[PDB]
Amino acid sequence: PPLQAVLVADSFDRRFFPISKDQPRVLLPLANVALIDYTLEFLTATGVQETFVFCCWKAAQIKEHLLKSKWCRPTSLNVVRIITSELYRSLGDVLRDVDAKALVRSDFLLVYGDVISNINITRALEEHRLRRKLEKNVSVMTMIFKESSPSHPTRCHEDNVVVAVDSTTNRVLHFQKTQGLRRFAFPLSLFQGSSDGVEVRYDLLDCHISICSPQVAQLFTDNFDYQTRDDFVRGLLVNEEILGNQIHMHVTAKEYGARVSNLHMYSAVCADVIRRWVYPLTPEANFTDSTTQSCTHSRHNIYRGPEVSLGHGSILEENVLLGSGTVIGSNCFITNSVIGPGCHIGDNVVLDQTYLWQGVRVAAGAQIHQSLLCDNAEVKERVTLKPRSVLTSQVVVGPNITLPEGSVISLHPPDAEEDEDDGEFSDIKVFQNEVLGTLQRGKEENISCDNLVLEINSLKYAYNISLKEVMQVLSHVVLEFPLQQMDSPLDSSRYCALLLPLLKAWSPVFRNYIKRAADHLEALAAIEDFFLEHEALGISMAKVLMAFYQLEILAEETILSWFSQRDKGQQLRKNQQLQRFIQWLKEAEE
Amino acid sequence: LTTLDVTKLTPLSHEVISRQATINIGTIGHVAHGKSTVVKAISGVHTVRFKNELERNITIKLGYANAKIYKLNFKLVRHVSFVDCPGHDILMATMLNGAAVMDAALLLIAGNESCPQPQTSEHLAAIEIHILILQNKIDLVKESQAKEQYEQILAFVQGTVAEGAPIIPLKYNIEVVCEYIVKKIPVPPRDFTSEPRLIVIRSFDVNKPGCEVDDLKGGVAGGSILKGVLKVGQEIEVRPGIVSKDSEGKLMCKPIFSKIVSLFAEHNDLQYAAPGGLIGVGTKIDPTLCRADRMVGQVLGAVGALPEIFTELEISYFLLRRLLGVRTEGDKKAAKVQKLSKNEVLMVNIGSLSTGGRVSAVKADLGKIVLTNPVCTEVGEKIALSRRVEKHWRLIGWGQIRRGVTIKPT
C-alpha cells in the first residue's frame, strides 16, 4: 500500500503576530530554510509517496514559494498536491474536506507545516497496521511523542502535555495540557477498564506527527464541534462505549521531533538545529538543493556560507551560521546566532541568541541579545537590544534608543506595541427563584407567551412541584416582580402600574397555569397572602382584584367566593376599596 | 406473503394493500438502552435486517423499527414504525422542527422510581407535541408496584395539564399495549399527492467485496419519506448532490439525478413506497458517490424540489434559558444555555437534516449560521439549534429561517 500524508501549512492560532501578517508562519526560516521545506524533507525521508498540502491564509505566497522547490520537480519521488480554499479555518475543516474529497485510502500521516523532525516511523506504522489487523480496525490514531525531561527549554509552559497511558499495550487513556494548572485531575474509569497496567507520563514532548486511519476524517465529519487535535482526543477519550476508537501511542528516544508556536519554541528548535540535534537534516548538508543556502561546517558548529568577507577581530565562538553574502565588519562578537544571507554588520557588535534574517543592516556599536530581526531590517548606531525583542519587516531603530524587554515593533500599529521610523520616538425556594429569573428574562428579552409557558412547564417538570403549588409560586413571583419595580416607595400607584402591564402581557401564562376553579381559589388565596405581605400597597389590592376579572384570570364567581370566605384577611378584605371593587364587579356582571 | 402491485392512483395511510409502512410511533422515555429491547419485544429481535455497516453516527441517527400489529391466521391492517433514537434530545429536535414527525409519542416510563430522566422525557414529549405511557419495570411486588403506579399517576397528573392521559401499568403486557396503541392512536394525515422527498438518514453499499463485474448493485440509500409517494422507475433528485470545492473558493453542489431501480424495505417491498418508515431505495448511483453514510443529509427529491443548497442561513435566534427537564441535585449553573458566541458550532436539525454550522455573526435577533455541509429544506422552515453540553448533543433553541444564500450548479 502507498503512504499518503496531510500537511496543514496554516496553523490557525494567533501566536506569530504580527510576524504572520507579512509572511505565513510555515515560510519563516530557521536557518535560511523555511519550515515547510523541513517538513517536506522529513516526509520524503520517512517514505511518503504522496502529500496533500493545505493552505488557507496568504496561500499564493506559499504556492509560489514551494513551486520552485525540490518536491514539485518531476524528479521528486514524493509528489505533492496543492489544495487551497478560502472557506476552511481549522484542522477539522481540513480533515472533513479530505473526507469529502476521499483522497487517502488507509494509514495516512497527519502533520502540521511547521514540524521539525527526523523520525523514521516505520516501526510505529508496523505496530499500527498489526493492531488494525488484530482488533479489526478498532484502533484509529497512533500519536507520536518524544521522551524529554519537563525542565527542557523546548517544551514551554503553553503546551506541556501530560498523558495517562498503558505501558503494556501503549494505548492512550487520558490526555491534557498544563495551561495554567498546578494540580492535575485524572479520571478513575481508566483503572477499572484496564486492570493489567497503567502509567502517567509527563516526559512526553508532543511532535504533532499523529499518523491516522481514515476513521479520523469520519469522526471529524460526524462531530462538527471537534475543531482541532486535542479537541478530538478529549472528545474521543471521555466517550468510550460510544464511538470506541482507542488511540495508541509511540515514544521516540533516539530521534528528534518538535514543532514551533512561540518565539521560545522557535529559539529552542533553532538552537537544536544549529547544534545538529535533527541530524541528518543539517544546514551544511543542503537537503534543499539551492546554491544560496549551502554552507561549510567548521569547528564548534560554525556554519560559513560563500563570500562572507570576515574582518579583523571578529570572533565566532559557538553555534554561528552565516548566509550568502552577509558582510561582517571588525571586532565583532557573534555567538549562538543565525545570520541570514546578504546582511550588513557594523563594528564592535555583540550578537547572542539572535536570529537575523535576510537583507538586514546592522550599524556599528549595536548590542543585540536574544532577539529576532525579520527581512530587510535596519538599525542605526548607539542601540542596545534587550532579550525577547522582535523586529519585523524593515523596522528602522534610531540612535540613542534602547528597547525594553517586552518589545515588538512592526509597521502595523495595533498588532505590535508601536511603529518605528527614522526616529524611534513616534426545595420550593429554588423553584420560585428559577421562575422569577425566567420571568425577568421574558420581561427583558420580550419573550412570547408560548415559550414562557414551555419554560414554566419545564421548570414545573424539573422541580416536580404540584400544580397548585406551581400556581401559587407563579402568583408569588408575579407579585414580587411588581414589588421589585419600586425599591422603597410604599405606595399603591407604582405597584399597581407595575402589576397592570405585567398581568396584561403575561395573561396567557396565568390562564394556562390557573385554569380550574380550585386553581382560581388558590390564586385568590395567593393574592390575599401577597396583599398581607405588601399591605403598604394594600390600596392597590382592590386594583388587582378588578384586574384579574378584567384579564380573565380570576372569575367573578371565584372572586365572590373569595370575598365571602373569611381573621386578618377578612378584615383586610372588608375595607372600602375592596367593597367598592366588589360592588363595581357586581354592577358590571349583571 | 404480500400482494401489492404497481396499480395505484390515490392510496391512504391506513391502506391494507401495502402493509409495509402505515404510521410512525415515536418513543422517548427513560430507557438507557431499554427501548430497543422493548421494540424488539413488540416487533422482533432480528426482524429489521436489510443492509448493515459500521456504526458511524450512533447518537445522531434515529433507528426505525416496523411492527405489523395484527388482529383477529391473523389479519393485518395497520403497521407502526417504532422510532427509537439514541438520546431524547435528538428526537425532540427532529419532532419540533416542522410537521409530520413523531405522530404517536410513547413515554417509556419505569416503575422503579421517579428520577429526573422521566422528567426530561416528559419535557421532551411536551416540547415535541397523543402520548402513550408504559411501565417497563416488570416483575415487582404487588404493593410496591401499586405504590409506584400511584406515584407515576401523581406525576402524570401534573403531566395531565399538558398531555398526560394514557394508562398502562411480559408478553401479555406487550400485547395489551399493542392493542391499546392500535385502538387509541388515530391515523395521522399524510400528504400523498406531493412530490416524494426521501431524507436520507443512513446510506449503505449493497455491493460485496470481490463481486462480479455484471452483478454490481450501487447506491442502496436509506431514509424517511416526508410526503408524497415514490414509485420504481422515477428519476430521484439528490438536491445536495456532490459538493466539490475544486474551483479554489466557494464549493459547488452538483445535483446527481438517479433512476430508482428498486424500493427495498426491511422486507421485500413493492414498487410503490409510502411515508412513515425506513424507506430504502436502491437507485442507479455509483458506489463511490454513495458510500457508508456518505450521501446522508441529502434530500432525495423526485420532481426537482424547490429547496436549494444553502451555505449560510440567517435564522431568528431564540434560545431557552435552561435545559428542558434537565435538573440534577447539584445544578451548579449547568442548566443555563449561554448566548450564541462567535465561531461556535451548532447542530441545526432542520427536520431530519442534522447539519453543523458555525455562528459567524449575530445581532440580538438573528444568527447567520454558516453551515459546514450544504443543507436544503425550505426558505422559512422551523430550524432547531443544538449544543453539546457534556459529551451529548442537547437542544438549545429553535427559530425560523429568515434569509439564506443559495447555490445550484449543473
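Here, residue 1 is simply the first one shown, and the rest follow in order.
Using N, Cα and C of the backbone, Cβ positions are placed for all residues, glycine too.
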Based on the annotations in Swiss-Prot, which residue of A:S195, A:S426, A:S492, A:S564 is described as phosphoserine?
A:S426
Of A:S389, A:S410, A:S561, which one does Swiss-Prot label phosphoserine?
A:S410
Could you state the CA-to-CA distance between A:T282 (phosphothreonine) and A:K101 (ubiquitin cross-link) to the nearest Å?
36
If you draw a 10 Å sphere on the Cβ of A:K21 (ubiquitin cross-link), how many other Cβ atoms land inside?
17
Which residue, of the modified residues A:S90, A:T282, A:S410, A:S426, has its CB surrounded by the fewest other CB atoms within 10 A?
A:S426
Tell me the Cβ contacts of A:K63 (ubiquitin cross-link) under 8 Å, same chain only and six or more apart in sequence, or just say none.
A:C55, A:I82, A:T84
Using C-alpha positions only, work out which of the recorded positions A:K101, A:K177, A:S410, A:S426 is nearest to A:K21 (ubiquitin cross-link).
A:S410
A:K177 (ubiquitin cross-link) to A:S410 (phosphoserine) - Cα separation in whole Å:
32
Closest to A:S410 (phosphoserine): which of the recorded positions A:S90, A:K101, A:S426, going by Cα position?
A:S426
Rounded to an integer, what is the Cα-Cα distance in Å between A:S426 (phosphoserine) and A:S90 (phosphoserine)?
37
Rounded to a whole angstrom, what is the C-alpha distance between A:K101 (ubiquitin cross-link) and A:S90 (phosphoserine)?
17
